[PDB]
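First, one chain by itself: the form deposited in one PDB entry, in structure tokens.
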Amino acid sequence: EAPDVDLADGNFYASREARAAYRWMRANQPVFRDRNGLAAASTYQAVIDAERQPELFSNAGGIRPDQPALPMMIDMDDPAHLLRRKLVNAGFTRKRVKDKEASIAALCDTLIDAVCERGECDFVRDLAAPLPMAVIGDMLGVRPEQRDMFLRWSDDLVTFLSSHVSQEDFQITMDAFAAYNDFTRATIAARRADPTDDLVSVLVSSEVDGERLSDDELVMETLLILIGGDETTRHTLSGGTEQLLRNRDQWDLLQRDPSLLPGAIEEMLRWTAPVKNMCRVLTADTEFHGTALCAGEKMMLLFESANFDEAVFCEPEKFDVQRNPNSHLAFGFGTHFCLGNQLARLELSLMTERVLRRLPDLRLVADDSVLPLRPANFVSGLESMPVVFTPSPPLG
């Protein structure tokens, strides 16, 4: 019989038996209907086939199961989506992102300097969560001492996306958006008058097909970026490092061969899949990998389930930094493939290389089974990860 699960319930994703449920789905009903009838593509094949059919599986109903579309690229279909993405892409060209390497590395070393003399830290609180916020904060002009404020707003907003909020949490979300809107419109006005080299400046100057981003669009697209910058990467940093520490052979491999880091980052992404699902709305009735779907309903793409699909990944419950190929779907696939993927990979690489070399005997204090995952139906990962190491002096 099927697992009795609610794929819109954040408690499902905080369960370490979610992958057991996914396994049943992939073997018995690849396009699964949960206890409320919500449809979800669980196999790699079904996720890819849906991604490759955007006219049938649309983003224009919004990418959450019971929330409407907002006016940002991830809730748009081509051709409108393509224009918006080309405009925002000015901030994510390969050279611009790669040029951030020194500044990201300096943030990593500052963060490690803050804990390296202690011999213990909470890897989540002290390294994984602050780095992506500092990177995106610096892109958005956030003063270092205001990063925590933006982190709070981002947590509020991603909680809204990750549940069906009460009235008070709805109000908190709207308040956080109002504050973000105010800050960003102040930045836009300043940069339109006096451009710098930050993200709003680059986005204001972006022009495609004679078109430019309006103030309204700049607020919404930078919001999408902020909540990608500071609520996703953190979970791959923590969860991926956790697997290195749980499997000491993997830690040891990376420490003696830094050239294995690119493959290690890809396996951290496969394993952690911080984005647990994106929704698609059906534009027509269709028989999809054995399940009848109805026009107007939403289907989940279960990216973590796809990333553990034995049809594609041999021994998927084995964490193997050398996996080749490793064509995981943590960033999705197709027209909406994560625009920030290069920046996320760069953050992950730079922080992990420094953790390996500066905290070389890093160990978990407690085992995985007592480390909770955040209840959230959208983006999730570890709440806390106490680690110990031999102390060392800061770089400065």
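What we label the rigid core is the largest C-alpha set whose atoms superpose within 1.5 Å from one form to the other. From 1 onward, residues are counted along the sequence shown.
The following text describes the form deposited in another entry, which does not appear among the structures shown.
Check your understanding: Can you tell which of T184, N326, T283, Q243 moves its Cα by 2 Å or more between this form and the one not shown, with the two forms laid on the rigid core?
Key -> Single hit from the list, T184.
Review point. Rigid core fitted, is the C-alpha displacement of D77 between this form and the one not shown 2 Å or more?
Key: No, its C-alpha moves less than 2 Å.
Review point. Fitting the rigid core first, would the Cα of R125 be found 2 Å or more away between this form and the one not shown?
Key: No, shifts by less than 2 Å.
Review point. Would you say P258 moves between this form and the one not shown, meaning its CA shifts by 2 Å or more once the core is fitted?
Key: After core superposition, the C-alpha of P258 moves less than 2 Å between this form and the one not shown.
Review point. Do the C-alpha atoms of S166 and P68 sit closer or farther apart in the other form than they do here, given a shift of 3 Å or more?
Key: Between the C-alphas of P68 and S166, the gap widens in the other form (3 Å or more compared with this form).
Practice item. Could you tell me whether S15 and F170 have their C-alpha atoms closer or farther apart in the other form than in the shown form, knowing the shift is 3 angstroms or more? Key: So the answer is closer.
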